[PDB]
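Asks: Just dropping this structure here.
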Amino acid sequence: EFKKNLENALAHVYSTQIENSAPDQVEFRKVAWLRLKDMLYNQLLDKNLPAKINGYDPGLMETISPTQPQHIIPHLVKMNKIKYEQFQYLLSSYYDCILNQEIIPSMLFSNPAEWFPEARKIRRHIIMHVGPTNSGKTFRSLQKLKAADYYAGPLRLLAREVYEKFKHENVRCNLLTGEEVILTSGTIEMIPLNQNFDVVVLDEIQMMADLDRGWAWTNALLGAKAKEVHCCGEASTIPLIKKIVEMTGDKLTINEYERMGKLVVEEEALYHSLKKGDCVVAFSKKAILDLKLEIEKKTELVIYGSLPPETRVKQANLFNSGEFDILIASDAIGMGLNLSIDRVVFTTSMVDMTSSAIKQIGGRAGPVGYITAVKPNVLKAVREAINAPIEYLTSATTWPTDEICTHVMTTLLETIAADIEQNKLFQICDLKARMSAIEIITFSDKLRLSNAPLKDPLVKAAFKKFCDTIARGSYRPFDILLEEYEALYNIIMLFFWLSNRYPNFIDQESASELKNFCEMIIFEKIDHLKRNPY
Amino acid sequence: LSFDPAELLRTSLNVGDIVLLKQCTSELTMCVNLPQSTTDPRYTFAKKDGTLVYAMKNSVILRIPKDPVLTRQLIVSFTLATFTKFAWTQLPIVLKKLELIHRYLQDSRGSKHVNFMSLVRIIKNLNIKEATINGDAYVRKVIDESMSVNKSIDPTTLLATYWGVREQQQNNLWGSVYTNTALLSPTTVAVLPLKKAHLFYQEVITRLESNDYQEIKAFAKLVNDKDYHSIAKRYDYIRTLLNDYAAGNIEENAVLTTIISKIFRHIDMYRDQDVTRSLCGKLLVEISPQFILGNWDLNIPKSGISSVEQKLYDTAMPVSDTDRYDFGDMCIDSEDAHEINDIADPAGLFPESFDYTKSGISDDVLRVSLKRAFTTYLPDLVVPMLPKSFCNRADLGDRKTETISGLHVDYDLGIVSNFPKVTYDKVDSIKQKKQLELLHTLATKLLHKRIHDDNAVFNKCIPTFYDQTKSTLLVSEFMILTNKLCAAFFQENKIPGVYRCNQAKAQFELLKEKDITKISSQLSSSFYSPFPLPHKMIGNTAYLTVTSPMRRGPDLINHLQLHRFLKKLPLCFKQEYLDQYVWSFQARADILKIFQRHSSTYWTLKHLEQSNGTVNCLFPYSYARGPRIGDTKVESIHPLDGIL
RNA sequence: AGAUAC
């Protein structure tokens, strides 16, 4: 019926009018059209043999929902419902279905606050206790934390200190460190990000800008499901936290603290003028530390970072008594032990020390503290660093959590950290140590372990033996009656790390006894230290 | 390295079963122990590392049939590590394949469910190189060849598929994965429409993040300035978003939740408050005039496919075999009852009942009816499995009515017309009556028989609350009997049909001989089957449901099988299609159970608002759930979230 | 979370 032909004409035209609306990918609609028309022509033309065989079959529900457009025409012919409107509508619907089929084939990580949706889904409050060392900033927060119903510290020693104080107050607080398991007190790296508490405390919040360690503080700050998040640290952290709290919508209440006691830089130091209560600061340059301490011993009258904790505590108590007079520290003195130091003497200033590090070391003489140098040039360089204003941190260092970079898997991190860079006030880790350990089956643990600690290859060989002991799904190490004892102590500790991570390494209690054996012997070796590997 | 899915049907949770747990979603675990007390009914699982995990049975995501806490047991280490490494390795390719067939199985009009096992079958059977030549037909050839059958499934592909679907769930390509509690295995998953769900949300995210979340800040300004009209016309996609959140449709995408957190955070009155479903609802009312119904899995029409189909149901009109028995001159329901089945013959209303010429299901209303495995009954609304016209016609209610309709049991299409006006209450109250008394006494005899011989055998726009009679004993007992007898007839005539199937164990049995709370965490549940199994609650015999053909699909299918068989025709369904149909029915029944309990919890809690380390409790109020277990003021209640 | 009616 030519009438029907005219109907298909005005209908298809009507469809054009309903295919001239938007440019937002109108091309898809176009292709749909061409496929349509082409399908019609092809239908009638090929129908040369099945014209009637076509024109024999009626429809039902497909008329409201154009199911299979493999053949439109015959249905349009044999239509009988109980006018042109039927035509135009039906074909319009058909086109829509063609768009369902044709707008479908072949047609085609800077918001870390987003990584903790559960934390972003609640009101979180930030309380910033900002100030120098020796300011009382920690105590208000700790007292707020007790009356509640977690503490995150940078050091096993600080976690121990809070544990000890809490135990003395009659209050069962477990301990969770990398190496020790006993409210909850832990290292910031061991914080759970899935346990909805009421109060979390983050100490030394500025270590969020460590190039190598800083991700845990950022992650905890962004992700802790706590009603109150108390952060304690220096004021250099304040603007970023505001920018950070800008991304969470979280209220920020700032509390500022000044030094409880005065501090001053001396004119010029006079090594015989070293004095009781002097702390001579040598950094992790234990060969320098060792040589200096033996020399100063060899006239009249030690803590560094790679010492064990117990030995350090013993050293503090000995120092606090006149069985020890002066002490040599390291930047490891920046935090931890509560030490009664009258006067800081800087041995030196291979890069220059940051103004912040100098300020951190010097504020431990907390009510009048004194600071000087061995050499006058350093004395003035120190006076400059000491009098330098509160340098502000520009950015906060970040690292993908297990969950996220497992999702990325779907040395991949080379790429992940690269696109992380490629937001603007967020840093990528160094992780040079982590990649080193990565130089070395389960993938998940490979990530989980790529954060395990070691030196720069006895540590590397022990690590190999450990990966091998992982592949099979502990002794080779003898001492009886110095660099060797420190290395062995670190391997026994690494063993304690895996044991606290995989109770299926069994040694346990008996291995704890072994640790004390490395510690007493190192201690006695250090007290009697007649030479030193420099 | 494949196993048969039937043994899931054939077995209950057991030692050696390999499972994925909700706690430890990222690793496989192995059932190492059974519930240890009435006091503590939780299971014990061992990880590949050898660490134990304790979990309630409903924490099992998927389950693999087998093929005292001794640390030394390599056995488990080996099974779990092997299958896990293989699945893990298979996975990226599975993600690509998932993306592709998503493009093909998805329907633009709306959400569409799929048998999950079938999906796994498809994922296993497809080669990517060939999937790009004679492509689209190759795929639909791999989909039909998916259906073709042996029926066995590779565990590795199953796991990888599950992981793949969740990861792409983050993109709104797939919906929530539903796991049946009886078999403890995934039954179905919805496939969300590409245009409406993927592109729409992606566009929304870019639009909302654009110009440093300019659109968000501007919006929060508008909400703060209370000029809701502009919101209406310009920002309706955000109302859409909040609604989609309220329905629990996008509850699992973390990004839409952070975005929404920023939106709430920027709005003054709601500022610093918990992000909840309830909050999105409350926020929405404050902006729209006059939310569980919005759920995509809840096949409510408001949904383009459910609206098309309901448009078919609105527009539909239905050779009665003289070979039918006439019952001559010879129903306890509520007053407010819709369909009266007590048995009606809706199957007669379909051509498939008599037409053995065309194989499978050809009729549109029939096919739709089967997709809706049941009538959907909620306090809010009703979605009948059958169209209104056909229910009005076929319902049994003084009317010519087409039909299918010690102690000893005598083992060896209709017409009816006399229909007495009666109700459950009316039945309870008090010649025909004498017949009724004989019947109640008979029912009591049926129950007594079932009990003593078959070792046969929780209540409580305007919400109202309520809390079992002689009448109920009567109906239930005669329904159970009818269904057992028809089970027997089908089995004996070899007709394939859709069937319905420690100190703690002793304590349970003693309790069997108030405080059913303590028994409740040791529950068995019902499941549908393509082969006969005893329903051990009702007795020791097979159970085949024929009593509710207008509100239950399996009964309807049983009715078609009876129609074809009785007129000595070839049966409508061979065992294999019976299995497929059965899987779909189980999926939609589970889904309904979930949304029923969701809605009841929502309303109960909303009424409350208007008025075994588990810290679970209950009210007197059955569905308000939030050391001495079973023994006999809160902070917050948000009903849409299910928080109490 | 089992069972009948809906």
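Protein chains in written order, with the numbering used here: chain A, 11 to 544; chain B, 286 to 929.
Using N, Cα and C, we set each Cβ at its ideal position, and we do this for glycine too.
Hey, quick one: how far does the beta strand (DSSP E) through A:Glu266 stretch, first residue to last?
Replies: A:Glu266 -> beta strand (DSSP E) spans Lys261 to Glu266.
Asks: Short check: CB of A:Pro84 to CB of A:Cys107, under 8 angstroms?
Replies: No, they are not a contact pair.
Asks: So what does B:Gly915 bridge to, in DSSP terms?
Replies: Paired residues: none, contrary to the question.
Asks: In this structure, what does DSSP give as the bridge partners for B:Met432?
Replies: Partner(s): none; B:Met432 has no beta bridge.
Asks: How about B:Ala340 and B:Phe812: are their beta carbons less than 8 angstroms apart?
Replies: It is not a contact, given that the beta carbons lie outside the stated cut-off.
Asks: Closer than 8 angstroms by beta-carbon distance: list the chain B residues that pair up with A:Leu70, in chain order.
Replies: Within 8 angstroms Cβ-Cβ: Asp649.
Asks: Under 8 angstroms Cβ to Cβ from A:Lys535, same chain only, skipping five residues before and after it: list those, please.
Replies: Once the five neighbours on either side are set aside, the close Cβ partners of A:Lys535 are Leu492 and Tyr495.
Asks: At a Cβ threshold of 8 angstroms, is B:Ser393 touching chain A?
Replies: Answer yes: the Cβ-Cβ gap between B:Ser393 and chain A drops below 8 angstroms somewhere.
Asks: Take A:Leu435 and list the residues in its own chain whose beta-carbon comes closer than 8 angstroms to its own, dropping the five residues that flank it on each side.
Replies: Answer for A:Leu435: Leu250, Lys253, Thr404, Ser405 and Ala406, listed in chain order.
Asks: Select from B:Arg684, B:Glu292 and B:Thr314 the residue whose C-alpha is nearest the C-alpha of B:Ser702.
Replies: It is B:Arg684.
Asks: Would you identify the three-state DSSP class for B:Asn768, choosing helix, strand or coil?
Replies: Here B:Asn768 sits in helix by DSSP.
Asks: Taking 6 angstroms as the limit between beta carbons, can you name the residues of its chain near A:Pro76, skipping five residues before and five after?
Replies: So the qualifying residues of the chain are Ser103, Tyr104 and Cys107.
Asks: Establish whether the CB of B:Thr642 and some CB of chain A are separated by less than 8 angstroms.
Replies: Judged by the 8 angstroms Cβ criterion, B:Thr642 is not in contact with chain A.
Asks: Taking the continuous beta strand (DSSP E) assigned at A:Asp288, which residues delimit it?
Replies: Where A:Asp288 is concerned, the enclosing beta strand (DSSP E) stretches over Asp288 to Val291.
Asks: Rounded C-beta distance between A:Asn514 and B:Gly335? I'm assuming under 8 angstroms.
Replies: Sure, about 4 angstroms apart at Cβ, within 8 angstroms.
Asks: Based on the DSSP secondary-structure assignment, which residues constitute the bridge partners of A:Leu337?
Replies: According to DSSP, A:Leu337 bridges with A:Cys289.
Asks: List the residues of chain B that A:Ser405 touches, going by C-beta distances under 7 angstroms, in chain order.
Replies: What A:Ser405 touches in chain B: nothing, since even the nearest Cβ is about 18 angstroms away.
Asks: Is B:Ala539 close to chain A, meaning its C-beta is less than 8 angstroms from at least one C-beta of that chain?
Replies: Yes - at least one Cβ of chain A is within 8 angstroms of the one on B:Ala539.
Asks: Mind checking the stretch 163–174 of chain A against chain B and listing, in chain order, the residues whose C-beta falls within less than 7 angstroms of any C-beta there?
Replies: Taking 7 angstroms as the Cβ-Cβ cut-off against chain B, none of the residues of the stretch 163–174 of chain A qualify.
Asks: With B:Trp459 as the anchor, note down where its beta strand (DSSP E) starts and where it stops.
Replies: From DSSP, the beta strand (DSSP E) with B:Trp459 extends over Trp459 to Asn465.
Asks: If we count the other Cβ atoms within 10 Å of its Cβ and call it buried at 16 or more, is A:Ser120 buried or exposed?
Replies: When all chains shown are included, A:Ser120 counts as exposed.
Asks: Considering only the beta carbon of each residue, do A:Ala21 and A:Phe97 sit closer than 8 angstroms?
Replies: In this structure, A:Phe97 lies closer than 8 angstroms to A:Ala21 by Cβ.
Asks: Would B:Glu620 and B:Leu845 qualify as a contact pair, given that the criterion is a beta-carbon distance under 8 angstroms?
Replies: No, they are not a contact pair.
Asks: Could you pull out every unbroken beta strand (DSSP E) segment of at least 3 residues lying fully inside the stretch 209–242 of chain A, listed in chain order?
Replies: With a minimum length of 3 residues, the continuous beta strand (DSSP E) runs that stay inside the stretch 209–242 of chain A are 209–212.
Asks: Should the stretch 437–455 of chain A be called in touch with the stretch 487–497 of chain B, which here means at least 3 C-beta pairs below 8 angstroms?
Replies: Not touching, per the Cβ criterion.
Asks: Can you tell me the Cβ-Cβ gap for B:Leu359 and B:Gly449, rounded? I've got them flagged as a contact below 8 angstroms.
Replies: Wrong, their Cβ atoms sit about 30 angstroms apart, outside the cutoff.
Asks: Suppose you measure from the CA of B:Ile765 to the CA of B:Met835; what does that come to, to the nearest Å?
Replies: Roughly 17 angstroms separates the two Cα atoms.
Asks: What residues from chain A crowd round B:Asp559, counting only those whose CB sits closer than 8 angstroms?
Replies: What B:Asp559 touches in chain A: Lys131, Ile132 and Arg133.
Asks: Between the alpha carbons of A:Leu504 and A:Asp352, how many angstroms are there, rounded?
Replies: Rounded to whole angstroms, A:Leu504 to A:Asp352 spans 36 angstroms at the Cα level.
Asks: Let me know if B:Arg735 comes out buried or exposed under the rule of 16 or more other beta-carbons within 10 Å of its beta-carbon.
Replies: Buried.
Asks: What separation, rounded to the nearest whole angstrom, lies between the Cα atoms of B:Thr726 and B:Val712?
Replies: Their Cα atoms are separated by approximately 14 angstroms.
Asks: In whole angstroms, give me the CA-to-CA distance for B:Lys656 and B:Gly691.
Replies: Distance between the alpha carbons of B:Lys656 and B:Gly691: 45 angstroms.
Asks: Examine chain B for any beta-carbon lying closer than 8 angstroms to the beta-carbon of A:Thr420, and answer yes or no.
Replies: At least one chain B Cβ lies under 8 angstroms of A:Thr420.
Asks: Report the rounded CA-to-CA distance for A:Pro202 versus A:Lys296, giving the unit in angstroms.
Replies: Going from the Cα of A:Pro202 to the Cα of A:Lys296 covers about 35 angstroms.
Asks: Taking A:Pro127 as the query, report the chain B residues whose CB atoms sit under 7 angstroms from its CB, ordered along the chain.
Replies: Simply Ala539, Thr542 and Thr543.
Asks: If you measure beta-carbon to beta-carbon, which residues of the stretch 486–513 of chain A are closer than 9 angstroms to chain B?
Replies: Of all residues in the stretch 486–513 of chain A, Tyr512 and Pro513 have a Cβ within less than 9 angstroms of some Cβ in chain B.
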